[PDB]
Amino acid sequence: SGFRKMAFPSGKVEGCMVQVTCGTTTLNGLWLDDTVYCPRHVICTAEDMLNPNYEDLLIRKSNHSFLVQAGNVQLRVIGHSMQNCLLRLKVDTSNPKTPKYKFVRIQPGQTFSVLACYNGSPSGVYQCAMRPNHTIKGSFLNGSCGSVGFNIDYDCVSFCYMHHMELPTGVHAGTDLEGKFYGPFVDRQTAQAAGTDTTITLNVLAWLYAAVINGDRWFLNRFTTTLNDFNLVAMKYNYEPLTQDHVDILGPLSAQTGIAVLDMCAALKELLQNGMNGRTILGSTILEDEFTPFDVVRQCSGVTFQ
């Protein structure tokens, strides 16, 4: 029993974190085989963060412009190239702790674990959802850039996020491991701001199923809804529309609990319209949208507490 925001064990990623320095700027890099990946803004001059031209800044660097430190050991840079908003530094040593890994681009609403790091040293781990507006609600201080997000499946690490910058509301923006930003953000100092966000309906429904699996039914009702009638309510409450594809994704949780998806949607409609009347669901006084259907299946028992 219980239900918590649960990160993946971080050891396989810890063994990949290094420190990258260029000029006076230090940040974190990810060392896999003989390549170190880091944000290209490591080369940005303090004097000009407003209008960097990265091609022009990078051509002025040599391999020995970059210092890479793995713990106490210096790794010699023997090549470098820019890929989108990342630098790929080739080093003289293959990381002996490289795990089985893949690079994947996650979709909005999906979750991943973040290993917050400073100066190449891991500091903390927590779970994040990629918001519909392409930001994450992380916890990051100066120098956290280059920290990574990942999921783990059967000892294969799927890296999906590298941290680049903080936005004015205190939320965080970054790229995939090909260097392509999530969202419309850019790696320079501009007035950019996170767009309007929305609640991840599929995740709320998954978490209501988690509550039933764990033994609680107080919020169910005798009603059903059509998809279109639910979506009229969702629009009013800034929830994402439910689609037939999302209904299909909820199939296994619906089967484990015996609650049809559209019946759970009717329960959610009533909770939105009437509130929770001072009660909790899975310990929470609000509806939670930070757990995917996969996260619920990963964490909950496969046997409902009937």
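Don't overthink the numbering: it's just position in the shown sequence, from 1.
Highest mean C-alpha temperature factor of the two stretches 200-208 and 102-110, which is it? 102-110 has the higher mean C-alpha B-factor.
When the Cα temperature factors in the entry are averaged, is it 225-233 or 155-163 that ends up higher? Comparing averages over the C-alpha atoms only gives 225-233.
At the C-alpha atoms, which of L250, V36, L27, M276 reaches the highest B-factor in this entry? Top of the list by C-alpha B-factor: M276.
Can you tell me which of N214, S94, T135, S147 has the maximum CA B-factor listed in the PDB entry? Max CA B-factor in the entry, restricted to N214, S94, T135, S147: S94.
Compared with the other modelled residues in the chain, in which third is the CA B-factor of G174? It belongs to the lowest third of the chain when residues are ordered by C-alpha B-factor.
Chain third (lowest, middle, highest) by recorded CA B-factor, residue given as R40: Tercile = lowest for this residue's CA B-factor.
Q127: which third of its chain by C-alpha temperature factor? According to the entry, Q127 has a C-alpha B-factor in the chain's lowest third.
Looking at the C-alpha B-factor of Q189, is it in the lowest, middle or highest third of its chain? Top third by C-alpha B-factor.
Please place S81 in the lowest, middle or highest third of its chain according to the CA B-factor in the PDB entry. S81: CA B-factor falls in the highest third of its chain.
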